[PDB]
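Presented below, as structure tokens, is a lone chain in the form deposited in one PDB entry.
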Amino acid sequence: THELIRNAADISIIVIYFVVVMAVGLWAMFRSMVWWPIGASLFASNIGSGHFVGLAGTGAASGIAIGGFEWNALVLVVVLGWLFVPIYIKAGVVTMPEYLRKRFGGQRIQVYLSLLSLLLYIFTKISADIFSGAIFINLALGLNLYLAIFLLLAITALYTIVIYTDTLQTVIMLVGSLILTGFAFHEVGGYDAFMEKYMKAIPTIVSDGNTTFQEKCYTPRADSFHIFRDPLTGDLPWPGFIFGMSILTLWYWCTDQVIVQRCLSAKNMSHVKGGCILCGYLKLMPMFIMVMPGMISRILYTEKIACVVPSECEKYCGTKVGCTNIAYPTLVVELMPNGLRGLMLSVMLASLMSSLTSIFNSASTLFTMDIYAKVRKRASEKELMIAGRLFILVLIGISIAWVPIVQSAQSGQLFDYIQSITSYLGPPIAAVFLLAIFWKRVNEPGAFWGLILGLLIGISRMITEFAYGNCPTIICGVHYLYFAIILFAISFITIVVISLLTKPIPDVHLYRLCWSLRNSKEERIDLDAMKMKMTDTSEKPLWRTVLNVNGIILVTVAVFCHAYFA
């Protein structure tokens, strides 16, 4: 399986792709980004190889429900265009912790939230993406997982040396993924035959010595073709699904620095909205092109993807957890002709490079403006950039060192790992941002202490899970999309209360920083020609109405797809 791509013709495609990417990057190197590149880059930053691998694996093991996550992004993307980005533009902010500094004041909350978003990036993004790329390389090539990570990040470092490049990335990835989807669906015999054959993927080897595994452990779920699964016994329960995934997605899109940073570089508000719409329409695809291909991989490679014997799973992937995360790679490697196999390897690398370069740049911005600038108040621009570069290097090192914990991570389902860790560490951030933008009363001490409590609970559960890998069901037995809701509610209530206890932060410090005061001019007094254009969110009535209708139609399409897939 690993020797398939060794053909010279197949690798010709990857070298052509890399030459094209280098040419585009050099041309770009050698605020008017516009709607189609804004949306293309948002999609390419959101959809990395982490999504490919995790979504396909969770689709193989659990079914279509995981794909629904991506569709929720659609709705949240709409929010990002019409609720949060206008405020980030009016506030004239570059980073989100800088927005919280302007909103609340004081240095502790900015530093803390920057560090928390950096830890979130490290674990979820900079481990899942590199791990997924390593899976792709290891299944495609004999190189080990760690060596695969090393090669992948070397290639990414070459790649960085953005929105236009990410537009190329997303176009190539979308075309290649559509090609693979069509090819695999025809091979299985269409969607009807795919559904019929999917409820038969039971591996032949199901007993190890005298121990027989439970029937529900290895057979595909009866609800594998339903997004809304049982609230209690079904993995990814529908109430947890909707609410917890909406909270997590709110964090990721409307408060993470990467998405908002790429959304801010728009020429004007209309192109912000257009980029949001294009990214949403592109995000409507990742189900049909990542989840269903993984299910097809299960159908065609049941013994490899549905393994339940620890010995067999270990021999197939070196892990005794189930080999669930290698769904998409196998499909790409074993079912793709030489040229198309090379093209799909290029697609996976394209999505990964977009996501990882976006995250590297955003983390550099966060550490550069929100911590290093504060430690060295008189830092020169050159030293500032040097600090950012060293920070991304340290971030990469920490993420690589953290990879091994991601391997098992809830039975090898990488996307489950991503969503669980980010559910532990994101709901506090989402709560503070929602309250800050929508609630004037919140103040710096209250927000800081609410965040500290939320992080305390999240780290408590995370350490318990990592220690137990018999864990008490009263704490860890609840699915993490429900721990996300619990943590969000706890942080929300804590922030509200302790803010009502301490200080109002008068009212003249919240002009153009809160939703109620987004339009007031009133000579804002900060807690800490060109600018008039930068803080301008005016849009021509024609384009504004066109983009409003476009967003309504996009969310209509998202709801239609959700209901079509139950």
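Sequential numbering from 1, following the sequence displayed. Here, rigid core means the biggest group of C-alpha atoms that superpose within 1.5 Å across both forms.
Below, we refer to the form deposited in another entry, which is not included among the displayed structures.
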| property | result |
| --- | --- |
| Sole residue of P231, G339, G92, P404 shifting 2 angstroms or more in CA between the shown form and the other one, core aligned | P404 |
| Threshold 2 Å Cα movement between the shown form and the other one at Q107, rigid core reference | no |
| Shift of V171 between the shown form and the other one at or above 2 Å (CA, core fit) | no |
| Core-aligned C-alpha movement of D208 between the shown form and the other one, 2 Å or more | yes |
| Direction of C-alpha distance change in that other deposited form, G426 to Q410 (at least 3 Å) | farther |
| Shift in CA distance, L236 and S411, in that other deposited form relative to the form shown here, given it is 3 Å or more | farther |
